[PDB]
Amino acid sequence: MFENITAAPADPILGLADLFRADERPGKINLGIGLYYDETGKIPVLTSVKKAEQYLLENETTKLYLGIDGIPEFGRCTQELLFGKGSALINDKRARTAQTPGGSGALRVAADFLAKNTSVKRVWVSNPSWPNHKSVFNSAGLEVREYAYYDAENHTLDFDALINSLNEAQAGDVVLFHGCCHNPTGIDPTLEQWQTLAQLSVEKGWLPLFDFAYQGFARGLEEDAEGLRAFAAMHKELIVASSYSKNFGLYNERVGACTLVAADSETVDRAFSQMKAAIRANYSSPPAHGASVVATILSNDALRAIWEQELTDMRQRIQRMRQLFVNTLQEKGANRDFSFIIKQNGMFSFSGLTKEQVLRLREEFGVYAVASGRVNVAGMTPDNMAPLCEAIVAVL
């Protein structure tokens, strides 16, 4: 029955980790997958987290199934993180949150939900975008179309080209936005542009879906939510697929959430009940661990304090790594100018190397980047910075 199955091509991201973990080369450098690395080159468990886990070890008394939608407290905290402590969304009880296995699980949950309870047929994703977006949506039976975004010869956000592209989107179409830290470009809309898109989308009748996986890595917690918050003030309905993988260093515990908003309580409850049915036919209930971690920290004043500090440290190192990177490129006598890299934000930088420069960088020097030329700046360290820049310069 399987005699005919065809071999799938491997994940452009997840697949590279396999090649990586296979070269027996001494000085290999991994700048592919979106992990945060410290000065010493490791991917540490944060301390606030270790503290939270200790607490859990002492205090848990049962492993009793969670409800479909997970931990209440977790949902509450996510909302305020998301909309504000103040908010009317929260005040009017307009939103409902489901804890899912990572922000990947939330995307799928939303897709399954949309495909089965709405008249949605297409979803609009930026170009370029996170490669898994297409697979998730196609998996639910939805079609994906792209909208212009990135201005390659200037490394910018091509606003009108983005807007003109969107004019092709019909009313009732889904349009996907990246909260902040655009993956893989690192180019984000300003607050004005966010406001414009908000208005437009209200006129054109689109349903907004925000992919929020980097809250806190651009400028800060509250200010990273600005774009989302502007949309929220104008819309009656929207979906937020959020992740705690990067901001809590909880990658393998799978912690994310799916937030549903409707014009009002009665509607949202009705709507959510179906979202629940979609979950039940998937993984049933969500994994407690990582989510208990996040709820514990967000719920405790001390731990939260530590956590925020650990987060601000993460963000700053990355910003340091980015200046260090171009300066060194410079000193190493790089052809082009790479100063645009200083303007982007988050873990990734769109380097501008070609398919075959990245292919070369790898076969030849053990430097691992994603085919699109996306580079993980958080994987860079003062110790690997020269060898790195020396390889790049050698291929350009």
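Numbers follow the displayed sequence, beginning with 1.
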Please compare 372-380 with 11-19 and say which has the higher mean C-alpha temperature factor in the record. 11-19
Between 248-256 and 189-197, the record assigns the higher mean Cα B factor to 189-197
Residue with maximal Cα B-factor (values as given in the PDB entry) among 303, 275, 115, 162: 162
Of the residues 91, 215, 138, 285, the one carrying the largest Cα B-factor as recorded: 91
Ranked C-alpha temperature factor of residue 329 among modelled chain residues, by third: highest
Residue 51: CA temperature factor from the record, placed by chain third, in the middle
Which third, lowest, middle or highest, does the C-alpha temperature factor of residue 29 belong to within its own chain? highest
Quick one: classify residue 62 as lowest, middle or highest third of the chain based on its Cα B-factor. lowest
Going by the entry, which third of its chain does the Cα temperature factor of residue 205 land in? middle
